[PDB]
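>>> Sequence and experimental coordinates follow.
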Amino acid sequence: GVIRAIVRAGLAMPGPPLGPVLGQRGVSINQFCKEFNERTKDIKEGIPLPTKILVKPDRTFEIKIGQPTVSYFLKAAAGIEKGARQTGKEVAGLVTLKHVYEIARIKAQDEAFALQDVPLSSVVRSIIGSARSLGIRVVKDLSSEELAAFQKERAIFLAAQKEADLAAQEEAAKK
Amino acid sequence: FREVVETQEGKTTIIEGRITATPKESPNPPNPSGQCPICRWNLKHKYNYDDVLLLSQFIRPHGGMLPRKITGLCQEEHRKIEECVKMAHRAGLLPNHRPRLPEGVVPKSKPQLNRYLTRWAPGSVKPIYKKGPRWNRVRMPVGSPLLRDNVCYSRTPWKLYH
Amino acid sequence: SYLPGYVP
Amino acid sequence: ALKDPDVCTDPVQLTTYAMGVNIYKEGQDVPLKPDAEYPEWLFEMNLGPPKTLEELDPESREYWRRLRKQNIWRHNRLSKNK
Amino acid sequence: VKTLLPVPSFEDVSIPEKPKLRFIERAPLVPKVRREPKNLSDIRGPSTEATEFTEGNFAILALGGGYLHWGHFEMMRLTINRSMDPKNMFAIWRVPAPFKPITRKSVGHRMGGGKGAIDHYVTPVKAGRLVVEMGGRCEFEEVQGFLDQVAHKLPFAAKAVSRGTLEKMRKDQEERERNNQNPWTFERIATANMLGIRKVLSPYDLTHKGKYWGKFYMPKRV
Amino acid sequence: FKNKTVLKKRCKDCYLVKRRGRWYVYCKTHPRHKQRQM
Amino acid sequence: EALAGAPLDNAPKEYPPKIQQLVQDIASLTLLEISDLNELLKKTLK
Amino acid sequence: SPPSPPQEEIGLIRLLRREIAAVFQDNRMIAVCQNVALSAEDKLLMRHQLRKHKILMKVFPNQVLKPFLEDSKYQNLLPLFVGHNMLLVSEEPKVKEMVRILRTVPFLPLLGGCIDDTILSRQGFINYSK
Amino acid sequence: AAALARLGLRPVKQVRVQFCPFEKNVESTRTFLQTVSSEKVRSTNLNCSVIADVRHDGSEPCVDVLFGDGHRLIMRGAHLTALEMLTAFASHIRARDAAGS
RNA sequence: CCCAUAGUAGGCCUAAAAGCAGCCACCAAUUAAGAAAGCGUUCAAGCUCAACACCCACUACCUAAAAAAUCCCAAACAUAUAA
Ligand SMILES: [K+]
Ligand SMILES: [Mg+2]
Ligand SMILES: [Mg+2]
Ligand SMILES: [Mg+2]
Ligand SMILES: [Mg+2]
Ligand SMILES: [Mg+2]
Ligand SMILES: [Mg+2]
Ligand SMILES: [Mg+2]
Ligand SMILES: [Zn+2]
């Protein structure tokens, strides 16, 4: 059968959650970790890569590594570390249509989009859909000054959120 | 109609289907506006379980009923004939439409009991050991309620419960 | 050879 | 212990470079091209909320694609209690 | 090409702040001291109050007379609140809280010795009364299931209805009366005292017209 | 078999059949789903 | 207005009737006329 | 029974009627294979290998495609459309490529079609390729 | 598909479906091909080869099945329903399975 | 009955939350398939449903039992003109 999970580039480890799945099905975890880390040696560590491990009946495994997830691409292009906790109400990031176009060029090479021979327009429409779920707003043009203003306001909002979370956590301790 | 013949020749089986002669509906139905064979010939409410000439046209060679989509009967008439055929089989009026028996099977002798207008299957009915009072008498069904609207030539309506 | 009210 | 690599936080760079497009260690950041170097359909994309059934044309695949989704939503609502 | 159709929209609908059914007390806050007669006519005949829809579009319709004690209210409340979707559904009581005092005598006592002490309170209901009314951004098919479950557990014949099915019910009954082929009707015979029939009929039968017998409603009677 | 006044299919493999004058629910996947009309 | 169905694979070779006229027309013409036609044909086809 | 007012044609049918005309007018090769029940991966892969030669794969319901053909010049293509039917349409006859891709699957039958307004059979295509 | 796949194609060496698509009597045979060519049925036995022959000679459609035991089943779909052919096909599978083992 | 690929394990919280503990959104690829209606998994897998295709299922959308004590309890009957 096919095992499909997101494994970070160069950081495959024998621990859970992939390890147990591989062991239960008879595939060696150490072998995969070595093979995956070697074939993901040219990619910056920590990049989430969707992996497809094709397990043959004799328990010899073939791995099919694709392009990073769109969540990574949109988060990196916006400079954000975490998506919005309530998308649609709070804007956690801000990117331009040019950023999405550049992401589509790399993501369009993925086997999911490549095998369908879809135009790059279809991939861009897909990335915009994922952005609306992350809290990232796509704008036609963004200036360096406009991005600084939002970053300043976002920092204040995030700081207050930490205080509110601390209050809830501190209240739970008093309970 | 269409038959199917299985022939094994030289350790090889050949399955084929041939089109046999098909009967045609009699010309000039008295009621062309009718929507089913029954009302096209003004037969609604005018046939019973013992009208095998009518019933035999809607059954398979082994006594099975034919689909409603093929015969063209309406749900109401299709159900009436369905009950009429069951009663005709139970009355012994269709001796040439018996179930198919596999090779080497010979039914053992069973007690012969003449019966007619039999709604239920003999094996599925229990004896009436407690008849009950006159105001709550357990009755023995006779005939079928589907035929309640059949033309009645007597002043007394059909008694469906004895 | 069937009248409007003919019944088999 | 496992997370994404550090992200940039420079408005100038974030507005002049697509930071995450380049994923290789030896590669360089992808510089954003001028407006004239991008296709026209890129700037005609719907950046707002999805078009409603009334806005869509009854003779386009998008209209019937929207109606089919609404019918699936209704079927799911009705099936939840069943 | 399976033909799709427009789905109904509930954008104009608005859900109250308190969607769930409120708690009903066993007895009124101020206990009643004066003991009351039995007054069984309060559950007899057609209902005149709470027969029409108010806020919601779905409800449970009473098809008979009966008394609702606190045990029934708990069954209705817990079942509907547990089954309803608070975000998209709201429910309101269409019956008052138990207010009629029921007396009981001590166990093992003989006849006589005055009236019994008040034991519990009930809510009288007449046939044709809406008992609970639901609304919100939902269809009848969504709430019909659990509303019918509640209706079956009531001490009288009841059925879940909607604005459409309730109106169709009344239209069918009116049509049956208009197209009835029986030249004789209970109304005509009773109101004219034909055959001296009023010697075996109640004065209420002049208005009930054979559709009601005790607390029971006969929907197939014309 | 459990006697039931109302027969209900409990899974997709349950099937209703009328035998010996009464309705039965039979299930090969889950024999515990078998019901007899009471 | 309705193209003819495909000929059977085992049926003898069949040629459309519209070309039968073209086949005869070529024989009637003279080589000098066919030659002149050919010079323009070769250039036109390129 | 009084007949019921004919249901008005749905807007999707019109769009499909217009896309069929276009596919039939703006293309030259119009093969007609039986859309066998290949797995989703196999179907997608075989559809990507055909796209390498820009051989599109259309799929139209047999209740819209049939009426069109009935009233169109392609009245002899009707018998083919009894069941699942995918179209393999290209703007320039690239039969040899399609044929070699179609031969990788022994159980996928090529039923025929019409190249250059000429209704052919399977051997016709196998001959046009050679 | 599922019904036939449950039985499997273990004792079937080869299945050959020959039909003339332009003919008007091949609907049953073509439906038989669609069922046997399903991914589920084929996956049961990978050594069995489903061969679809498209001819325009005008002959009547035929289905030839070769079993591992060497026996053959010839089903002529000119006047046979897809269900009938599949039913007969399944029965022979059951017969040839017990014989070999 | 038939059939099921995919941005993507949407973000958030969470030791883990992958359609299916909760919160927010609920857009989009493919001709067609809900950021998922019901099961399931510690989390995943896995089985269905709503999709496409195929194509006349050409569905009813009213419900439903039984037990007592000496021994069941008229006999019987669906057919000849409402008297
Ligand atoms: K009740
Ligand atoms: Mg879609
Ligand atoms: Mg998805
Ligand atoms: Mg997530
Ligand atoms: Mg989730
Ligand atoms: Mg899944
Ligand atoms: Mg879960
Ligand atoms: Mg389905
Ligand atoms: Zn079951």
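Perfect, thanks for sending it. Residues are numbered from 1 along each chain as shown, chains lettered A, B, ... in the order given. Ligands and ions are numbered 1, 2, ... in the order given.
>>> Apart from its chain neighbours, what residue comes closest to the residue nearest the centre of chain C?
Centroid-nearest residue in chain C: residue C:6, 2.1 Å away (criterion: Cα atoms, centre = their mean). In space, not counting the residues next to it along the chain, residue C:6 is nearest to residue B:30; the distance is 4.3 Å by Cβ to Cβ, 6 or more residues apart in numbering or on different chains. C-beta: built from backbone N, CA, C; applies to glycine.
>>> again, but for residue A:36
Residue A:36 sits nearest to residue A:12 (Cβ to Cβ, 6+ apart), 4.6 Å away.
>>> Pop out the phi and psi values for the residue nearest to residue C:6.
When quoted as degrees, to the nearest 10, the phi and psi of residue B:30 stand at phi -60, psi -20.
>>> what's the neighbour count on it?
Here the number of neighbours of residue B:30 (other Cβ atoms under 10 Å in any protein chain shown) works out to 16.
>>> dump the residue contacts of the residue of chain D at minimum distance from chain H.
The nearest approach of chain D to chain H comes at residue D:58, 4.2 Å away (Cβ to the nearest Cβ). Residue D:58 makes contacts with residue H:11, as judged by Cβ atoms under 8 Å, 6 or more residues apart in numbering or on different chains.
>>> and it, what element?
According to DSSP states H and E, residue D:58 maps onto no helix or strand at all.
>>> repeat for the one 10 residues further on
Counting by DSSP H and E, the secondary-structure element that holds residue D:68 is helix D:61-81.
>>> residues of that helix that come out buried?
Neighbour-count burial for helix D:61-81, counted by 16 or more other Cβ atoms under 10 Å in any protein chain shown, picks out D:63, D:64, D:66, D:67, D:70, D:77, D:81.
>>> Who are the packing partners of that helix?
Of the remaining helices and strands, those touching helix D:61-81 by 3 or more Cβ pairs under 8 Å, 6 or more residues apart in numbering or on different chains; DSSP states H and E are helix E:140-152, helix H:11-25.
>>> all helices of chain I, in order?
Per DSSP state H, chain I has helices spanning I:2-7, I:27-36, I:39-44, I:82-100. These are given in chain order.
>>> same question, chain H
Listed in chain order (using DSSP H), the helices of chain H are H:11-25, H:40-51, H:65-71, H:95-103, H:122-129.
>>> what's the closest of those to chain B?
Closest to chain B of these, according to Cβ to the nearest Cβ: helix H:65-71, at 23.1 Å.
>>> Pull out the buried residues from the closest one.
Within helix H:65-71, judged by 16+ other Cβ under 10 Å, the buried ones are H:65, H:69.
>>> same question, stretch E:202-214
For stretch E:202-214, a neighbour-count test (16+ other Cβ under 10 Å) marks E:205, E:208, E:209, E:211, E:212 as buried.
>>> For these, give me JSON lines that also has distance to residue H:73 and secondary structure.
Below are the buried residues of stretch E:202-214 laid out as JSON lines (distance: Cβ to Cβ, whole Å; DSSP: H, G, I helix; E, B strand; the rest coil):
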{"residue": "E:205", "distance to residue H:73": "79", "secondary structure": "helix"}
{"residue": "E:208", "distance to residue H:73": "76", "secondary structure": "helix"}
{"residue": "E:209", "distance to residue H:73": "73", "secondary structure": "coil"}
{"residue": "E:211", "distance to residue H:73": "70", "secondary structure": "coil"}
{"residue": "E:212", "distance to residue H:73": "74", "secondary structure": "strand"}
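>>> Of these, which is the nearest to chain G?
Looking at these and their distance to chain G, the nearest is residue E:211, at 70.6 Å (Cβ to the nearest Cβ).
>>> Quick check: phi and psi at that closest one.
Given degrees, to the nearest 10, the pair of backbone angles that residue E:211 has is phi -90, psi -10.
>>> Grab the nearest non-local neighbour of it.
If you skip the residues right next to it in sequence, residue E:211 has residue E:221 as its closest partner in space, 4.6 Å away by Cβ to Cβ, 6+ apart.
>>> what about that neighbour, neighbour count?
Residue E:221 sits with 15 neighbouring residues when counted by other Cβ under 10 Å.
>>> which element is it on?
With secondary structure defined by DSSP H and E, residue E:221 is part of neither a helix nor a strand.
>>> For chain A, state which of the buried residues of helix D:61-81 is nearest.
Nearest to chain A among the buried residues of helix D:61-81, counting by Cβ to the nearest Cβ, is residue D:66 at 14.3 Å.
>>> so how far is residue D:55 from the closest one?
In this structure, residue D:66 lies at 9 Å from residue D:55, with Cβ to Cβ, to the nearest Å as the measure.
>>> Same question for residue I:32.
As defined by Cβ to Cβ, residue I:32 lies at a distance of 48 Å from residue D:55.
>>> Neighbour count: the two, which is higher?
Between residue I:32 and residue D:55, counting by other Cβ under 10 Å, residue I:32 is the more crowded of the two (26 against 10).
>>> For that one, give its distance to residue H:43.
Taking Cβ to Cβ as the criterion, residue I:32 is separated from residue H:43 by 21 Å.
>>> Ok, residue I:50 next?
In terms of Cβ to Cβ, residue I:50 sits 16 Å off from residue H:43.
>>> now the helices for chain G?
All helices of chain G, identified by DSSP H, fall at G:17-28, G:31-45.
>>> list the contacts for residue 30?
You didn't say which chain, so I picked chain A. Neighbours of residue A:30 in contact, by Cβ under 8 Å, 6+ apart: residue A:14.
>>> wrong one, chain F
Contact analysis of residue F:30 by Cβ under 8 Å, 6+ apart lists F:10, F:11, F:13, F:14.
>>> residues in contact with the last one?
With contacts taken as Cβ under 8 Å, 6+ apart, residue F:14 has the following neighbours: F:25, F:26, F:27, F:30, F:33.
>>> if we compare the helices of chain I, which one ends up closest to chain F?
Set against chain F and scored by Cβ to the nearest Cβ, these come closest in helix I:2-7, at 13.3 Å.
>>> Now for residue I:3: which residues touch it?
Taking Cβ under 8 Å, 6+ apart, we find residue I:3 in contact with I:86, I:90.
>>> Distance check, it against residue I:40.
As defined by Cβ to Cβ, residue I:3 lies at a distance of 10 Å from residue I:40.
>>> What of residue E:212?
For residue E:212, the distance to residue I:40 - Cβ to Cβ - is 63 Å.
>>> hang on, residue A:35 in a helix?
Yes. The secondary structure assignment for residue A:35 places it in a helix, going by DSSP: H, G, I helix; E, B strand; the rest coil.
>>> Would you report the backbone torsion angles of the spatially closest residue to it that is not a sequence neighbour?
If the residues on either side of it in the chain are set aside, residue A:35 comes closest to residue A:63, at 6.4 Å by Cβ to Cβ, 6+ apart. Summarising the backbone geometry of residue A:63 under the convention degrees, to the nearest 10, its torsions are phi -110, psi 140.
>>> Next up, the contacts around residue A:63.
With contacts taken as Cβ under 8 Å, 6+ apart, residue A:63 has the following neighbours: A:32, A:35, A:36, A:39, A:51, A:52, A:53, A:54.
>>> Run through the bridge partners of the last one.
The bridge-partner assignment for residue A:54, based on DSSP bridges, gives residue A:2, residue A:62.
>>> What is the burial count for it?
Residues near residue A:54, counting by other Cβ under 10 Å, number 13.
>>> Thought residue A:64 was touching it, still the case?
Yes. The criterion here is Cβ atoms under 8 Å, and residue A:54 meets it with residue A:64 at 6.6 Å.
>>> Near chain H, which residues of chain I are found?
Where chain I comes near chain H, counting by Cβ under 8 Å from any Cβ of the partner chain, the residues are I:1, I:17, I:21-24, I:26-27, I:30-31, I:33-34, I:37-39, I:42, I:49-56.
>>> Out of those residues, which end up buried?
Buried members of the residues of chain I next to chain H, scored by 16+ other Cβ under 10 Å, are I:1, I:17, I:21-23, I:26-27, I:30-31, I:33-34, I:37-39, I:42, I:50, I:52, I:54-56.
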